[PDB]
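Notes follow once the structure below has been shown.
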Amino acid sequence: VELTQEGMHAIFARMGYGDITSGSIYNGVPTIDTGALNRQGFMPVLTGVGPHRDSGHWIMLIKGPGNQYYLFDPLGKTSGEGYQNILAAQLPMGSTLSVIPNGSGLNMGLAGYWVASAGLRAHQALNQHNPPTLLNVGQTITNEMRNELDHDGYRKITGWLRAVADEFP
Amino acid sequence: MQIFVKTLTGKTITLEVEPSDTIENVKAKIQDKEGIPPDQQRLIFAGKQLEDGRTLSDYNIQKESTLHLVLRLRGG
């Protein structure tokens, strides 16, 4: 039901993104390849892992226009602000990191799916000539997550995650 | 000799090894530099996963070769 690090990379390859670089917060120490983030425009980050825990949480960094970066936490805005300060220090100088203001209570333990799905839609929404406000991007994310769960999304995503976990270790 | 171990997170780890080093010893060396327990490590070279009980010479790993390190971690 949880997406492994290799499973995340395999997902983006099958989606036509090639070989991606991801990030992590391992034992409290972040590893963010900002050159790859600038080139990819996004980066899934596996947090909450370390020497005594292999099961954590997926979040998504997003590069906007100019020097703007965004953090999409599937657990909601306040969960994302817990990572904002340590992840901001990893960005190039002159950058600003903003947490996408989406609602809480909709992750359902499917952060790997939300990052690879809603996170990319948030990436395209923020990287266009006339983008909606940051308030509107988070509200769209909250509504889409809630609408997918309303359409039996938990049973469909957990089933799809078990399939991907079966085609890999 | 020096070898390079590349993670999926972009980091490159340089290791001092000998061709007769076992895979378990190479994993233990990675733990001393990065702190990752060997149970979390998957070592890859030439599209092959290195098995415990064998040595680097069994896979024809030379000086300044590049290995890949996938970690047994997940999230939800």
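Because the Cβ atoms are built from the backbone with ideal geometry, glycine has one as well, and the counts that use them run over all protein chains shown. Any read-out appearing in this document is the output of simple, stated calculations on the displayed coordinates, not a laboratory observation.
Ranking A:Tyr113, A:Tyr69 by Cβ neighbours within 10 Å, fewest first, what do you get?
A:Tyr69, A:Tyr113
Take segment B:14-75, compute every pairwise Cα distance, and split them into 10 Å bins from 0; I just need the percent in each bin.
Per 10 Å bin, starting at zero, the Cα-Cα P(r) for segment B:14-75 comes out as 21, 61, 16, 2 percent.
Take peptide B:64-74, look around each residue's Cβ out to 10 angstrom, count Cβ atoms belonging to other protein chains, and average those counts.
Neighbouring Cβ atoms belonging to other protein chains average 5 per residue here.
In nanometres, what is the gap between the two model label sites at B:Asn60 and B:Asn25, each 7 Å from Cα along Cα-to-Cβ?
Using points 7 Å along Cα→Cβ, the separation is 2.3 nm.
Could you tell me how many cubic angstrom of Cα convex hull volume chain A has per residue?
114 Å³
Rounded to the nearest 20 debye, what is the charge dipole size of chain B about its Cα centre when +1 sits on each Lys and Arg Cβ and -1 on each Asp and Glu Cβ?
Roughly 380 debye, rounded to the nearest 20.
Which of B:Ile30, B:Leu69, B:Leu8 sits closest to the plus end of the dipole of chain B, meaning its Cα is farthest towards the positive end, when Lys and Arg get +1 and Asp and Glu get -1 on the C-beta?
Positive-end residue among those listed: B:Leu8.
Rounded to the nearest 20 debye, what is the charge dipole size of chain A about its Cα centre when +1 sits on each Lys and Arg Cβ and -1 on each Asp and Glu Cβ?
With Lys and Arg at +1 and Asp and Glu at -1, about 260 debye.
Starting with the fewest neighbours, write out A:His123, A:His151, A:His129 ranked by other beta-carbon atoms found within 10 Å of each beta-carbon.
Ascending number of Cβ neighbours within 10 Å: A:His129, A:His151, A:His123.
What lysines could a cross-link reach from A:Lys77, if we take a straight Cα to Cα line under 19 Å and drop same-chain neighbours fewer than 8 places away?
Of all the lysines, those that pass the test against A:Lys77 - Cα under 19 Å, at least 8 places apart if same chain - are A:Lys63.
Nearest 0.05, what FRET efficiency do A:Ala10 and A:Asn67 give at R0 = 30 Å with Cβ-Cβ as r?
0.40
Where does each of A:85-98, B:4-17 land if you order them by average Cβ count within 10 Å, highest first?
B:4-17, A:85-98
Can you return the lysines within cross-link range of B:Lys27? Criterion is Cα-Cα under 21 Å, with same-chain partners fewer than 8 residues away left out.
Reachable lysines: B:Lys6, B:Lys11, B:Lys48, B:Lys63.
Work out the mean other chain Cβ neighbour count within 10 Å for the residues of A:17-24 and drop it here as an integer.
Mean partner-chain Cβ count within 10 Å for A:17-24: 3.
Using a Förster distance of 30 angstrom, determine the FRET efficiency expected from the C-beta separation of A:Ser55 and B:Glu51, and round it to 0.05.
0.75
Between B:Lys6 and A:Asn85, with labels modelled 7 Å along Cα→Cβ, what's the label distance in nm to one decimal, could you check?
Rounded to a tenth, the inter-label distance reads 3.6 nm.
Which of A:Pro30, A:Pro65, A:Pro101 moves most in a GNM of chain A, Cα contacts under 10 Å?
Checking each option, the largest mean-square fluctuation is seen for A:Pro65.
Enter the mean number of other protein chain beta carbons within 10 Å of the beta carbon of each residue in A:28-37, as an integer.
Shielding by partners across A:28-37 averages 2.
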